[PDB]
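S.K.: What follows is a single structure, and I will ask about it in a moment.
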Amino acid sequence: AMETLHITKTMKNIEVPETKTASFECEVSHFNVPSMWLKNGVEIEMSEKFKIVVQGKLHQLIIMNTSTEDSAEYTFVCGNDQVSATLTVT
Amino acid sequence: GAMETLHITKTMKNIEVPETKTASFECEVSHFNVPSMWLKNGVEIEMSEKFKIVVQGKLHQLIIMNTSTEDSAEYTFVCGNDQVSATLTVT
Ligand SMILES: [Ca+2]
Ligand SMILES: [Ca+2]
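Protein chains in written order, with this note's numbering: chain Y, 1 to 90; chain X, 91 to 181.
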């Protein structure tokens with residue numbers, strides 16, 4: 001394809017109190033890119049703890065009922081790009 | 091066993107909403123980590139600001155923003171060779 005896939009905006013680090021919801025969002029250059037999220041470099045295990053949202057080129061990860069266990073670096077991956085930010089559960 | 095095969099476990103509902111209001115469909119599937127596929131009249135929806143696609147565990151949801159009469163259609167969630175359809179009527 002004419003234009004190369006990349007992740008456009010960067011992602012800010014977030015701090016949330018325990019039990020509150022945390023969200024990460026990023027945007028990509030192309031439609032029809034699948035979401036792929038890592039926690040500390042490893043694919044997140046899908047469960048009712050995580051909501052994955054896509055709207056247009058916006059990809060969101062929603063982390064429910066946070067605990068100190070959720071404090072980590074989260075990464076979105078597509079093509080040859082990736083973007084990371086930290087969650088601190090307070 | 092039945093769990094060796096991916097399948098729809100809970101259907102979505104027919105729905106009516108007034109113009110410009112938000113509409114949503116929710117179904118459930120048998121397994122975690124299933125991709126979402128949504129159709130509008132048999133054809134894959136085009137990703138845009140119009141549609142929010144949500145997966146939470148086994149729950150799959152399509153949210154249709156700012157409805158218009160052009161949104162009135164049969165929507166389908168596709169789970170491999172398994173499908174579920176329901177109608178949005180924008181009134
Ligand atoms: Ca970038
Ligand atoms: Ca079925």
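Just so you know, even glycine gets a beta-carbon here, dropped at the ideal spot from N, CA and C.
Indicate whether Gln55(Y) and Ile135(X) have their beta-carbon atoms separated by less than 9 angstroms.
M.R.: For this step, residue 55(Y) is matched to residue 55 along the first sequence. For this step, residue 135(X) is matched to residue 45 along the second sequence. Their beta carbons are not under 9 angstroms apart, which means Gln55(Y) does not touch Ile135(X) by this criterion.
S.K.: What is the DSSP secondary structure of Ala92(X), counted as helix, strand or coil?
M.R.: Position 2 of the second sequence, counted from the first residue, corresponds to residue 92(X). The answer is helix: DSSP assigns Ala92(X) an H, G or I state.
S.K.: Taking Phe31(Y) as the reference, give the member of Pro17(Y), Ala1(Y) and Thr86(Y) with the closest Cα.
M.R.: Indexing the first sequence from 1 puts residue 31(Y) at position 31. If we check each option's Cα against that of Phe31(Y), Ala1(Y) comes out closest.
S.K.: To which residues of the same chain is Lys140(X) closer than 7 angstroms at the C-beta, ignoring the five residues directly before and after it?
M.R.: Residue numbering aside, residue 140(X) sits at position 50 when the second sequence is read from its first letter. Only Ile154 and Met155 meet the Cβ criterion.
S.K.: Tell me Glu48(Y)'s beta-bridge partners as DSSP assigns them.
M.R.: By 1-based counting over the first sequence, the position of residue 48(Y) is 48. BP columns for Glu48(Y) are empty, so no partner.
S.K.: Which residues mark the beginning and the end of the beta strand (DSSP E) in which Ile7(Y) is found?
M.R.: On the first sequence, residue 7(Y) is found 7 positions in, with the first residue counted as 1. Neither: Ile7(Y) is in no beta strand (DSSP E) and is coded neither H nor E.
S.K.: Taking 8 angstroms as the line, does the beta carbon of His97(X) fall inside it for any heavy atom of ligand 2?
M.R.: The residue labelled residue 97(X) in the question sits at position 7 within the second sequence. Flag set: Cβ of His97(X) near ligand 2.
S.K.: Quick one: list the residues of chain X neighbouring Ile52(Y), beta-carbon separation under 9 angstroms, in chain order.
M.R.: Position 52 of the first sequence, counted from the start, is the residue given in the question as residue 52(Y). Within chain X, the residues near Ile52(Y) are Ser126, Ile143, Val144, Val145 and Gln146.
S.K.: Check whether the Cβ of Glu106(X) lies closer than 9 angstroms to any Cβ atom in chain Y.
M.R.: For the purposes of this step, residue 106(X) is identified with residue 16 of the second sequence, where counting begins at 1. At a cut-off of 9 angstroms, the C-beta of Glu106(X) has no neighbouring C-beta in chain Y.
S.K.: May I ask you to check if the CB of residue 92(Y) is nearer than 8 angstroms to at least one heavy atom of ligand 1?
M.R.: Look at the range of chain Y in this structure, 1 to 90, and you will see that residue 92(Y) is not part of it.
S.K.: Sorry if obvious, but does the Cβ on residue 102(Y) come closer than 8 angstroms to a heavy atom of ligand 1?
M.R.: Absent from the structure is residue 102(Y), since the part of chain Y shown begins at 1 and ends at 90.
S.K.: Contact defined as beta carbons within less than 8 angstroms: I believe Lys103(X) pairs with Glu118(X). What is the distance between those atoms, to the nearest angstrom?
M.R.: Residue mapping note: residue 103(X) aligns to position 13 of the second sequence, counting from 1. Residue mapping note: residue 118(X) aligns to position 28 of the second sequence, counting from 1. The pair is not a contact, with the Cβ atoms about 12 angstroms apart (cut-off 8 angstroms).
S.K.: Beta carbon of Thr88(Y): closer than 8 angstroms to some heavy atom of ligand 1?
M.R.: As a working note, residue 88(Y) is residue 88 in the first sequence. Not under cutoff, so the answer is no.
S.K.: Can you name the residues of chain Y whose CB is closer than 8 angstroms to the CB of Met93(X)?
M.R.: Counting from one through the second sequence, the residue named residue 93(X) turns up at place 3. Residues of chain Y passing the Cβ test: none, with the nearest at roughly 16 angstroms.
S.K.: Can you list, in chain order, the residues of its chain with a C-beta nearer than 6 angstroms to that of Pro17(Y)? Leave out the 5 residues immediately preceding and following it.
M.R.: Residue mapping note: residue 17(Y) aligns to position 17 of the first sequence, counting from 1. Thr90, listed in sequence order.
S.K.: Strictly under 9 angstroms for the Cβ-Cβ distance: is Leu96(X) near chain Y by that measure?
M.R.: Mapped onto the second sequence, residue 96(X) falls at position 6. No, its Cβ sits nowhere closer than 9 angstroms to a Cβ of chain Y.
S.K.: Expressed to the nearest angstrom, what Euclidean distance is found between the alpha-carbon atoms of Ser47(Y) and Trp37(Y)?
M.R.: As a working mapping, residue 47(Y) is identified with position 47 in the first sequence. As a working mapping, residue 37(Y) is identified with position 37 in the first sequence. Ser47(Y) and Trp37(Y) have their C-alpha atoms roughly 13 angstroms apart.
S.K.: Once the 5 residues before and after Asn131(X) are set aside, which same chain residues still bring their CB inside 7 angstroms of it?
M.R.: Within the second sequence, numbered from 1, the residue matching residue 131(X) stands at position 41. Taken in chain order, the residues that qualify are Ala163 and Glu164.
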